[PDB]
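A lone chain, given as structure tokens: the form deposited in one PDB entry.
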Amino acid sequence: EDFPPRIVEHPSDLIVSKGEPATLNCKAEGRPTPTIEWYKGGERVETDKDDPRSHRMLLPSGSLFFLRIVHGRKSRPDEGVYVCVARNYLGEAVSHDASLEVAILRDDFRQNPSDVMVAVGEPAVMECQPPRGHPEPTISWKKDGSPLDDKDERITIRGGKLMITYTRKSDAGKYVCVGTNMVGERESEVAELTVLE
């Protein structure tokens, strides 16, 4: 016996990089088998099943596959809020909405660290702020090519602050703050800690 459609899988939010394909999931049940149609900002989205020229494929399940995420300066027709709608003669079911998003990481830091000159046993503090990014760029540090870990308690890394409680001469070196999101790494310009005594 025939029954109205029901959404089985709603689409989940998606951040993806420019250059990468993407898939928004949807799945319905119904008898007769429901058709699946997608809407972005409440506007019907063309698929290859509508028009062979589309860069978007509607998969057998009704998920929406973007062969390329269009996001240029002056047009970006793919990022936004999406909903799938399942239909048969008996009715319609709509999904919850999902955002589709292109990740972004700037090459150039919000605030570079600063040279510090300090004497043995005195605190050395370096502050950093990474580029704007989505998702937000998390922070790490490097001295003369090698990662810094706060695994060793004499260094405190927290927020944008790197603190060395009691400077050692062996702490003299080139410091860079590193910026990281799904897009890639980004390195600040190098900072000189100098240690007197």
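Note that residue numbering begins at 1 and tracks the sequence as displayed.
Missing here is the form deposited in another entry; even so, the following discussion is about that form.
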property	result
Domain assignment check, rigid parts between this form and the one not shown, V94 and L162	no
Direction of Cα pair change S12-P135 in that other deposited form, magnitude 3 angstroms or more	farther
CA-CA separation of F109 and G72, closer or farther in that other deposited form than in the form shown [shift of 3 angstroms or more]	closer
